[PDB]
Each structure stands twice: as C-alpha cells, then as structure tokens.
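One structure below.
No Cβ is skipped: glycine too gets one built from the backbone with ideal geometry, and neighbour counts run over all protein chains shown. No lab work stands behind these numbers, since they all come straight from the coordinates.
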Amino acid sequence: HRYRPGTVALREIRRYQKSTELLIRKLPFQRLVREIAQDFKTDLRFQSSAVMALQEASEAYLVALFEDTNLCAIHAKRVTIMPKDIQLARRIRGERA
DNA sequence: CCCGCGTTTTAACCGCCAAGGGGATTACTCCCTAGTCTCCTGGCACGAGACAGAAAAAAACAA
C-alpha cells in the first residue's frame, strides 16, 4: 500500500536519532575540504584524523543548526523549515550579521 | 510544496592485470695512482785487477 506523507519522515527521525554514524559519505566531503583548503595554501596534505574531526564538528554543528531552525519554524506555526528560519536562527546566534 | 514509490548510473570497493617511475646493483668510461721494460751511435787501440775462505774427517807414515 501507501504510507501517508509525514509518517516515514518520523520513522527516519527515530532511526537517525538513535544512531551516531556520520550522514555525509566520506569522499565528497573530503574533496570539498581539499578544495576549500587549496584556496588558502597550495600543495597541502591532510591527516585522515584531521579530516574526520572536521566532519564530526561540521555534522554536529549542522544538526544543532537544524534543531534551532526547526524550533524557529515551529514558532512560526509552521512545520517546514525554510531559508528565513535558518537566517533568523543564525542571526540570533550572532554568526551571520 | 512536499512526500512516497519506479528507473539509471556511477561512484566506492575489491581483485587482478599492465604502463611508468625509484632504489640497490651492475654495464661502462674518465681520471688518477701504482707498478714495469727498454734504450741511450759505428766503433778502434791499449792498459791493470780478481789465482775464494773455513772447517770436519779419512788416510800415510814417523815413532
């Protein structure tokens, strides 16, 4: 049959909140880090541990930001997060101007 | 707008194979060092110095 929209989303929320493994596949993230670093200094080498630490910090920060975004969206009587939500959360945080 | 399902490809992995490059050993080559071989014109005349030196053992013959 068909699951009504919004139920499988709750199932994934339950699934991913019980687990800790990283949600971004490694190699694209590593290539993105390498590209970003290249603009600061050339012919650079990275320890896999450094790259893993970068991924852990980035994913945790993104999860916290998504939590704040969901809270902001709920405050607007809304269920869907939209860019203004991220913007407001970042603004109140003080990272974005 | 966004969710849930149907279809495609490669990208992430592994295994084996084949181009292309790096290190220890090997092919030469160049320079240096080390060690030899041979020669120093055609000759001619005359002279003078080297006639080995010690020591052990068997035999002849005087006594």
Taking region A:60-97, which residues are among the hydroxyl-bearing types (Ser, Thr, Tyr), loosely packed, with under 12 Cβ neighbours inside 10 Å and assigned to a helix (DSSP H, G or I)? A:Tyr61
Tally of residues being of a type in the set (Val, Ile, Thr) and under 22 Å from A:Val79 (Cβ atoms) across region A:1-53: 3
Would you pick out the residues in region A:34-50 that are in a helix (DSSP H, G or I), away from DNA strand B (no atom under 13 Å from the Cβ), loosely packed, with under 10 Cβ neighbours inside 10 Å and not charged (D, E, K, R)? A:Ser49
Select from region A:11-33 the residues that are more than 13 Å from A:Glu59 (Cα to Cα), of a type in the set (A, V, I, L, M, F, W, C) and more than 8 Å from DNA strand B (Cβ to nearest atom) and list them in ascending order. A:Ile13, A:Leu32, A:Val33
Any idea which of (1) under 15 Å from the mean Cα position of the chain (by Cα); (2) within 16 Å of DNA strand B (Cβ to nearest atom); (3) assigned to a loop (DSSP other than H, G, I, E, B); (4) not aliphatic (A, V, I, L, M) is the one A:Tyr3 doesn't satisfy? (1)
Which numbered condition A:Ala57 fails, given (1) closer than 25 Å to A:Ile92 by Cα; (2) surrounded by 11 or more Cβ atoms within 10 Å (Cβ to Cβ): (2)
